[PDB]
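data-v1.pdb (PDB, C-alpha atoms (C1' of nucleotides))
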```
ATOM      1  CA  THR A  51      18.206 -29.653  27.365  1.00  0.00           C
ATOM      2  CA  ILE A  52      18.623 -33.004  25.616  1.00  0.00           C
ATOM      3  CA  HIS A  53      19.218 -35.815  28.112  1.00  0.00           C
ATOM      4  CA  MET A  54      21.571 -37.625  25.756  1.00  0.00           C
ATOM      5  CA  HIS A  55      22.241 -40.394  28.282  1.00  0.00           C
ATOM      6  CA  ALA A  56      18.701 -41.642  27.668  1.00  0.00           C
ATOM      7  CA  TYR A  57      19.376 -42.230  23.971  1.00  0.00           C
ATOM      8  CA  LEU A  58      22.936 -43.596  24.242  1.00  0.00           C
ATOM      9  CA  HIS A  59      22.426 -46.007  27.143  1.00  0.00           C
ATOM     10  CA  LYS A  60      24.101 -49.346  26.344  1.00  0.00           C
ATOM     11  CA  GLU A  61      24.986 -48.270  22.802  1.00  0.00           C
ATOM     12  CA  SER A  62      27.821 -49.751  20.767  1.00  0.00           C
ATOM     13  CA  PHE A  63      30.927 -47.766  21.645  1.00  0.00           C
ATOM     14  CA  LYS A  64      32.231 -47.100  18.141  1.00  0.00           C
ATOM     15  CA  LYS A  65      28.810 -45.662  17.206  1.00  0.00           C
ATOM     16  CA  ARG A  66      28.177 -43.390  20.200  1.00  0.00           C
ATOM     17  CA  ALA A  67      29.291 -39.962  19.003  1.00  0.00           C
ATOM     18  CA  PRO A  68      27.931 -40.514  15.449  1.00  0.00           C
ATOM     19  CA  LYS A  69      24.560 -41.464  16.941  1.00  0.00           C
ATOM     20  CA  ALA A  70      24.611 -38.341  19.108  1.00  0.00           C
ATOM     21  CA  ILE A  71      24.596 -36.292  15.907  1.00  0.00           C
ATOM     22  CA  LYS A  72      21.753 -38.340  14.419  1.00  0.00           C
ATOM     23  CA  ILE A  73      19.532 -38.015  17.498  1.00  0.00           C
ATOM     24  CA  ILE A  74      19.889 -34.229  17.627  1.00  0.00           C
ATOM     25  CA  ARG A  75      19.037 -33.980  13.929  1.00  0.00           C
ATOM     26  CA  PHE A  76      15.913 -36.042  14.602  1.00  0.00           C
ATOM     27  CA  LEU A  77      14.915 -33.762  17.476  1.00  0.00           C
ATOM     28  CA  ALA A  78      15.251 -30.704  15.242  1.00  0.00           C
ATOM     29  CA  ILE A  79      13.002 -32.319  12.627  1.00  0.00           C
ATOM     30  CA  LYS A  80      10.274 -33.253  15.105  1.00  0.00           C
ATOM     31  CA  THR A  81      10.373 -29.746  16.628  1.00  0.00           C
ATOM     32  CA  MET A  82      11.015 -27.230  13.835  1.00  0.00           C
ATOM     33  CA  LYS A  83       9.292 -29.400  11.175  1.00  0.00           C
ATOM     34  CA  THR A  84      12.183 -28.727   8.760  1.00  0.00           C
ATOM     35  CA  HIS A  85      14.229 -31.482   7.141  1.00  0.00           C
ATOM     36  CA  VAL A  86      17.258 -29.228   6.516  1.00  0.00           C
ATOM     37  CA  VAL A  87      19.250 -29.149   9.768  1.00  0.00           C
ATOM     38  CA  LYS A  88      22.684 -27.508   9.889  1.00  0.00           C
ATOM     39  CA  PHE A  89      24.934 -28.165  12.874  1.00  0.00           C
ATOM     40  CA  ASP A  90      27.106 -25.384  14.211  1.00  0.00           C
ATOM     41  CA  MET A  91      30.802 -26.213  14.060  1.00  0.00           C
ATOM     42  CA  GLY A  92      31.046 -25.772  17.824  1.00  0.00           C
ATOM     43  CA  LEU A  93      28.284 -28.296  18.474  1.00  0.00           C
ATOM     44  CA  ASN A  94      29.986 -31.016  16.429  1.00  0.00           C
ATOM     45  CA  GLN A  95      33.330 -30.377  18.123  1.00  0.00           C
ATOM     46  CA  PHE A  96      31.776 -30.572  21.589  1.00  0.00           C
ATOM     47  CA  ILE A  97      30.123 -33.929  20.867  1.00  0.00           C
ATOM     48  CA  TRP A  98      33.506 -35.377  19.888  1.00  0.00           C
ATOM     49  CA  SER A  99      35.399 -33.705  22.746  1.00  0.00           C
ATOM     50  CA  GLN A 100      35.351 -37.001  24.670  1.00  0.00           C
TER
ATOM     51  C1'   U B   1       4.410 -63.230 -42.115  1.00  0.00           C
ATOM     52  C1'   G B   2       8.211 -63.543 -45.824  1.00  0.00           C
ATOM     53  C1'   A B   3      10.568 -61.197 -51.074  1.00  0.00           C
ATOM     54  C1'   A B   4      13.464 -65.061 -54.984  1.00  0.00           C
ATOM     55  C1'   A B   5      13.762 -69.151 -56.337  1.00  0.00           C
ATOM     56  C1'   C B   6      10.914 -73.853 -56.453  1.00  0.00           C
ATOM     57  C1'   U B   7       7.695 -78.254 -57.166  1.00  0.00           C
ATOM     58  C1'   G B   8       4.991 -83.269 -58.969  1.00  0.00           C
ATOM     59  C1'   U B   9       5.981 -88.430 -61.416  1.00  0.00           C
ATOM     60  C1'   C B  10       9.888 -92.507 -63.165  1.00  0.00           C
ATOM     61  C1'   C B  11      14.645 -94.481 -62.660  1.00  0.00           C
ATOM     62  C1'   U B  12      19.818 -93.775 -60.241  1.00  0.00           C
ATOM     63  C1'   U B  13      22.814 -92.521 -55.981  1.00  0.00           C
ATOM     64  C1'   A B  14      23.576 -91.703 -50.780  1.00  0.00           C
ATOM     65  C1'   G B  15      27.427 -88.215 -45.478  1.00  0.00           C
ATOM     66  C1'   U B  16      19.041 -90.310 -45.757  1.00  0.00           C
ATOM     67  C1'   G B  17      14.690 -90.265 -40.667  1.00  0.00           C
ATOM     68  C1'   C B  18      16.673 -89.614 -33.169  1.00  0.00           C
ATOM     69  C1'   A B  19      14.269 -88.959 -26.848  1.00  0.00           C
ATOM     70  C1'   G B  20      18.285 -91.133 -24.495  1.00  0.00           C
ATOM     71  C1'   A B  21      25.139 -92.668 -25.449  1.00  0.00           C
ATOM     72  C1'   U B  22      27.688 -88.511 -17.552  1.00  0.00           C
ATOM     73  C1'   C B  23      26.489 -88.103 -26.032  1.00  0.00           C
ATOM     74  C1'   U B  24      29.215 -83.060 -28.877  1.00  0.00           C
ATOM     75  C1'   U B  25      28.382 -77.660 -29.696  1.00  0.00           C
ATOM     76  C1'   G B  26      25.201 -73.370 -28.652  1.00  0.00           C
ATOM     77  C1'   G B  27      21.266 -71.219 -26.006  1.00  0.00           C
ATOM     78  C1'   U B  28      17.865 -71.116 -21.647  1.00  0.00           C
ATOM     79  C1'   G B  29      15.050 -72.269 -16.943  1.00  0.00           C
ATOM     80  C1'   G B  30      13.421 -73.577 -11.397  1.00  0.00           C
ATOM     81  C1'   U B  31      16.617 -72.900  -7.358  1.00  0.00           C
ATOM     82  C1'   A B  32      16.286 -66.965  -6.814  1.00  0.00           C
ATOM     83  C1'   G B  33      15.664 -61.402  -6.011  1.00  0.00           C
ATOM     84  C1'   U B  34      17.483 -66.642  -2.554  1.00  0.00           C
ATOM     85  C1'   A B  35      22.969 -67.613  -0.133  1.00  0.00           C
ATOM     86  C1'   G B  36      25.847 -63.718   0.069  1.00  0.00           C
ATOM     87  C1'   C B  37      28.327 -58.180  -0.774  1.00  0.00           C
ATOM     88  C1'   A B  38      30.675 -59.349   8.105  1.00  0.00           C
ATOM     89  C1'   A B  39      39.244 -60.144   9.237  1.00  0.00           C
ATOM     90  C1'   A B  40      42.676 -55.337   8.698  1.00  0.00           C
ATOM     91  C1'   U B  41      39.334 -50.392  15.729  1.00  0.00           C
ATOM     92  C1'   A B  42      36.205 -44.983  12.462  1.00  0.00           C
ATOM     93  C1'   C B  43      34.115 -41.870  11.448  1.00  0.00           C
ATOM     94  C1'   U B  44      31.605 -36.558  12.169  1.00  0.00           C
ATOM     95  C1'   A B  45      30.417 -31.008  11.021  1.00  0.00           C
ATOM     96  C1'   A B  46      30.852 -26.720   7.612  1.00  0.00           C
ATOM     97  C1'   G B  47      31.942 -25.352   2.613  1.00  0.00           C
ATOM     98  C1'   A B  48      33.231 -26.125  -2.815  1.00  0.00           C
ATOM     99  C1'   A B  49      32.240 -28.997  -7.531  1.00  0.00           C
ATOM    100  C1'   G B  50      28.537 -31.860  -9.735  1.00  0.00           C
ATOM    101  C1'   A B  51      22.303 -34.047 -12.947  1.00  0.00           C
ATOM    102  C1'   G B  52      23.430 -36.819  -8.778  1.00  0.00           C
ATOM    103  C1'   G B  53      20.098 -35.896  -0.277  1.00  0.00           C
ATOM    104  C1'   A B  54      16.088 -36.026  -2.148  1.00  0.00           C
ATOM    105  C1'   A B  55      12.115 -36.388   2.644  1.00  0.00           C
ATOM    106  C1'   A B  56       5.412 -37.079   5.563  1.00  0.00           C
ATOM    107  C1'   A B  57      13.473 -39.206   8.474  1.00  0.00           C
ATOM    108  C1'   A B  58      14.135 -41.833   2.067  1.00  0.00           C
ATOM    109  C1'   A B  59      18.005 -42.205   9.665  1.00  0.00           C
ATOM    110  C1'   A B  60      22.882 -44.195   4.839  1.00  0.00           C
ATOM    111  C1'   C B  61      25.364 -39.346   0.463  1.00  0.00           C
ATOM    112  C1'   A B  62      31.415 -40.931  -3.722  1.00  0.00           C
ATOM    113  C1'   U B  63      35.798 -36.465  -4.601  1.00  0.00           C
ATOM    114  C1'   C B  64      38.400 -31.899  -2.628  1.00  0.00           C
ATOM    115  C1'   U B  65      39.549 -28.002   1.506  1.00  0.00           C
ATOM    116  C1'   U B  66      39.148 -26.741   6.786  1.00  0.00           C
ATOM    117  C1'   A B  67      38.186 -28.361  11.892  1.00  0.00           C
ATOM    118  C1'   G B  68      37.269 -32.468  15.421  1.00  0.00           C
ATOM    119  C1'   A B  69      38.286 -37.595  16.493  1.00  0.00           C
ATOM    120  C1'   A B  70      41.616 -41.594  15.195  1.00  0.00           C
ATOM    121  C1'   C B  71      44.955 -45.861  13.330  1.00  0.00           C
ATOM    122  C1'   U B  72      50.159 -47.851  11.364  1.00  0.00           C
ATOM    123  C1'   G B  73      53.874 -46.800  16.024  1.00  0.00           C
ATOM    124  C1'   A B  74      59.337 -45.908  13.672  1.00  0.00           C
ATOM    125  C1'   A B  75      62.267 -54.672  12.715  1.00  0.00           C
ATOM    126  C1'   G B  76      56.032 -49.003  10.372  1.00  0.00           C
ATOM    127  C1'   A B  77      50.282 -49.201   6.868  1.00  0.00           C
ATOM    128  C1'   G B  78      57.404 -44.238   6.495  1.00  0.00           C
ATOM    129  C1'   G B  79      61.542 -42.887   2.845  1.00  0.00           C
ATOM    130  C1'   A B  80      64.358 -46.003  -1.039  1.00  0.00           C
ATOM    131  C1'   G B  81      66.603 -50.378  -4.141  1.00  0.00           C
ATOM    132  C1'   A B  82      67.589 -56.006  -6.601  1.00  0.00           C
TER
END
```
Here is a file; write its structure as structure tokens.
Amino acid sequence: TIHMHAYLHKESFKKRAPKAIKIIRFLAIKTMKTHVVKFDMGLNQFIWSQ
RNA sequence: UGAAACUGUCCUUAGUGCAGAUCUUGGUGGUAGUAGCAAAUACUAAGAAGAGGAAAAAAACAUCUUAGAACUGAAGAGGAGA
């Protein structure tokens, strides 16, 4: 579970969803040690659902 | 170094000697990798093409298709004329 509210607290509004993608990519790099991260189509759509 | 013309003495002649004219024309510096590249709400994921996202996050990646999210808001960022 990624507590996304921690990362996006008091963030610029027009850069909230794009930064949600960047943070997740960073968490995959620091965990799986791979620099090639591919987002599922469903994950991207959910982030932008709001 | 350069590869085809030139020099010394005597007279004669003159478009004859430059550091300045905010001189004329051409070239080049320090400033300086500095000031900037900030109006028009906004981009994201997958794939294709390409030399052109690599990587100890080098955090950003132009074009096209699909999906999401959006703006002009019909006296329009639409469709047409002088």
Taking only C-alpha atoms (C1' of nucleotides) into account, find every residue of chain A that has an atom no more than 8 Å from chain B, and write it out as a count of residues only.
14
To one decimal place in Å, what is the distance between atom CA of residue 77 of chain A and atom CA of residue 93 of chain A?
14.5 Å
Kindly provide, as JSON, the centre and edge lengths (Å, one decimal) of an axis-aligned box around all atoms of segment 81-94 of chain A given in the file, with 8 Å on each side.
```
{"center_x": 20.2, "center_y": -28.4, "center_z": 12.5, "size_x": 37.8, "size_y": 22.1, "size_z": 28.0}
```
Find the residues near residue 87 of chain A: any atom within 8 Å, counting all atoms listed in the file, skip ones fewer than 4 places away on the same chain, and give them as a VMD selection string.
chain A and resid 75 78 to 79
Report, in Å with one decimal, the straight-line distance from atom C1' of residue 39 of chain B to atom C1' of residue 60 of chain B.
23.3 Å
Residues matched by the PyMOL selection byres ((chain B and resi 72-81) around 12) as a PDB file with C-alpha atoms (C1' of nucleotides), in the frame of the given file:
```pdb
ATOM      1  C1'   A B  40      42.676 -55.337   8.698  1.00  0.00           C
ATOM      2  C1'   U B  41      39.334 -50.392  15.729  1.00  0.00           C
ATOM      3  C1'   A B  70      41.616 -41.594  15.195  1.00  0.00           C
ATOM      4  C1'   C B  71      44.955 -45.861  13.330  1.00  0.00           C
ATOM      5  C1'   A B  82      67.589 -56.006  -6.601  1.00  0.00           C
TER       6        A B  82
END
```
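Computed from the coordinates, the atom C1' of residue 66 of chain B to atom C1' of residue 52 of chain B distance equals 24.3 Å.
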I would like the residues chosen by the PyMOL selection byres ((chain A and resi 53) around 12) on the shown file; could you give them as a PDB file with C-alpha atoms, in the coordinates of the input?
```pdb
ATOM      1  CA  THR A  51      18.206 -29.653  27.365  1.00  0.00           C
ATOM      2  CA  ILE A  52      18.623 -33.004  25.616  1.00  0.00           C
ATOM      3  CA  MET A  54      21.571 -37.625  25.756  1.00  0.00           C
ATOM      4  CA  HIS A  55      22.241 -40.394  28.282  1.00  0.00           C
ATOM      5  CA  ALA A  56      18.701 -41.642  27.668  1.00  0.00           C
ATOM      6  CA  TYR A  57      19.376 -42.230  23.971  1.00  0.00           C
ATOM      7  CA  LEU A  58      22.936 -43.596  24.242  1.00  0.00           C
ATOM      8  CA  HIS A  59      22.426 -46.007  27.143  1.00  0.00           C
ATOM      9  CA  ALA A  70      24.611 -38.341  19.108  1.00  0.00           C
ATOM     10  CA  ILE A  73      19.532 -38.015  17.498  1.00  0.00           C
ATOM     11  CA  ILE A  74      19.889 -34.229  17.627  1.00  0.00           C
ATOM     12  CA  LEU A  77      14.915 -33.762  17.476  1.00  0.00           C
TER      13      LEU A  77
END
```
